[PDB]
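Just the one chain here, the form deposited in one PDB entry, laid out as structure tokens.
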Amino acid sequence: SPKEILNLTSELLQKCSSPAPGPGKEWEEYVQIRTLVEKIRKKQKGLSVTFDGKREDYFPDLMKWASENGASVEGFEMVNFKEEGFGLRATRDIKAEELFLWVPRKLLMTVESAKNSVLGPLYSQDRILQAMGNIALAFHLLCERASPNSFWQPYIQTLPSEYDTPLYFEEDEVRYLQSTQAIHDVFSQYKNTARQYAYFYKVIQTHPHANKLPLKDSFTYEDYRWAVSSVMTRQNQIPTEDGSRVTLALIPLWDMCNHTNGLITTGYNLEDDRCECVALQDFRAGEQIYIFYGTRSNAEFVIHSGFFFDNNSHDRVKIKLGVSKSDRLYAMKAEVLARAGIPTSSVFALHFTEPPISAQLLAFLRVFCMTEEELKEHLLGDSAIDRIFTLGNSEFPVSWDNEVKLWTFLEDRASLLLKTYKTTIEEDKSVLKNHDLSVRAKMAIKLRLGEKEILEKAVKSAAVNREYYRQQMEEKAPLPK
């Protein structure tokens, strides 16, 4: 059996190290990788370390451990909520902006704490651990999880045992995402995780610096999937104790807060060396305490946080645009973009909340549709730099003609992107209404629905802007500034 896992992981490492076989066969590659991972998983015994008690049986030890090290432990309790899972619930009225939660650095798991642990020797030798702090945190979790006397045991024993990241999806649940933007990141996540597991499985067996690790005796795919999912759904960027650099950290107790819409109210206090959270809003006794995770899209929430957020005012879709080398005005357009700090080709974003395009995308689209005369005015003369400075400003167009052209292009491109999906918006709503689905299936279908709804709104907003600027052109309105 040990030699059989070596053969399967070696086969997995080679299949996952191969280049992409073209986007037309990425689903076949995904299923091929799934088959080998599931064969390895069926031959392994799941998580190497499991705890006898229930998850809530260890929360009192988390509170005692956090209290002994200076963290806030009063005013809230752990509750298993249906929608979000476990989270914090207020036991007293908490006013907005009240500093109610603080976690000193001594409780955190960091890349620095990983470097000084039993993972130290292997960390100083493996180039992937040195370059990827998130992967370093994942192995930091695993090594301490398998260490019964670890300082962070109260935190690890209260972590979830499974997640709703796409790594846990069934094949037919991912299949809903066919022909979407997000599935390619799902493909990459699965392939990367499989390649990393096979890579480190071989590294741990061949490197003498890993002999003292518990992973030397047991390191299953389930371990790695749980570790990277624990990190991607919970990790944070904090300043170093010096304050001159940034590092990645797991923040116990505080990271039990679930997400709602708002503003980030959690910051690191460098003078007291602790993470501080003020109340995002008023929380009455008996209400769940929420925080705002960040301005991430539902694609990022699903893939990296394992949930879909219905009230995501920061949702967005990607749109790749670039000046064609076949364009007669390519050189001038690329130079105007260069002077504006914009690459010639890039992946932009289309947002659901108006305005649909950012200042950087507006500036790109303006230059993309400029005439030679307009490009010259942004390249030559004492006003050229002033014209560059306003390229991202909606109130200062290059010309009414330039606006009509760019909004017509965006309307056509967004409408073309909508035609590349295998289902329509009405079909997705019918599936959600008429079929009984798992949580993970609903995440996938809502994700593909959300992509098209953002594209549909971009079509409507671009069509509206096209008519507005066409009116200014027909009425010969004076250009602003």
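Numbering starts at 1 and follows the sequence shown. What we label the rigid core is the largest C-alpha set whose atoms superpose within 1.5 Å from one form to the other.
Q: Do a third or more of the other compared entries leave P19 out of the model?
A: Negative; every one of those entries includes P19.
Q: Mean C-alpha B-factor higher for 114-122, or for 233-241?
A: Result of the comparison: 114-122.
Q: Given the B-factors recorded for C-alpha atoms, which segment has the greater mean, 347-355 or 153-161?
A: In the deposited entry, the stretch with the higher C-alpha B-factor mean is 347-355.
Q: So if I compare the CA B-factors in the entry for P166, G85, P214, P252, which one is the largest?
A: Of the options given, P214 has the highest CA B-factor in the PDB entry.
Q: Given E451, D436, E29, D428, identify the residue with the highest C-alpha B factor in the PDB entry.
A: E29 has the highest C-alpha B-factor of those listed.
Q: Split the chain's modelled residues into thirds by Cα B-factor; is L36 in the lowest, middle or highest one?
A: Its C-alpha B-factor, which the entry lists for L36, ranks in the highest third among residues of this chain.
Q: What third of its chain's C-alpha B-factors does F283 belong to: lowest, middle or highest?
A: Middle third.
Q: Please place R89 in the lowest, middle or highest third of its chain according to the CA B-factor in the PDB entry.
A: For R89, whose C-alpha B-factor we compare with every modelled residue in the chain, the answer is the lowest third.
Q: Tell me, lowest, middle or highest third: where does the Cα B factor of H259 rank within its chain?
A: For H259, the deposited C-alpha B-factor lands in the lowest third.
Q: What third of its chain, lowest, middle or highest, does the C-alpha temperature factor of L108 fall into?
A: Middle third, going by the recorded CA B-factors of the chain.
Only in words, not in the display: the form deposited in another entry, which the text now covers.
Q: Go through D272, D386, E287, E77 and flag the only one whose CA is off by 2 Å or more between this form and the one not shown, rigid core held fixed.
A: Shifted by 2 Å or more: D386 only.
Q: Using a rigid core superposition, assess whether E171 undergoes a CA shift of 2 Å or more between this form and the one not shown.
A: For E171, whose C-alpha is compared between this form and the one not shown after core superposition, the shift is less than 2 Å.
Q: After a core superposition, would you say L159 shifts its C-alpha by at least 2 Å between this form and the one not shown?
A: Comparing the forms between this form and the one not shown, which are aligned on their rigid core, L159 does not shift its C-alpha by 2 Å or more.
Q: Comparing between this form and the one not shown on the rigid core, is the C-alpha shift at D93 2 Å or larger?
A: No, its C-alpha moves less than 2 Å.
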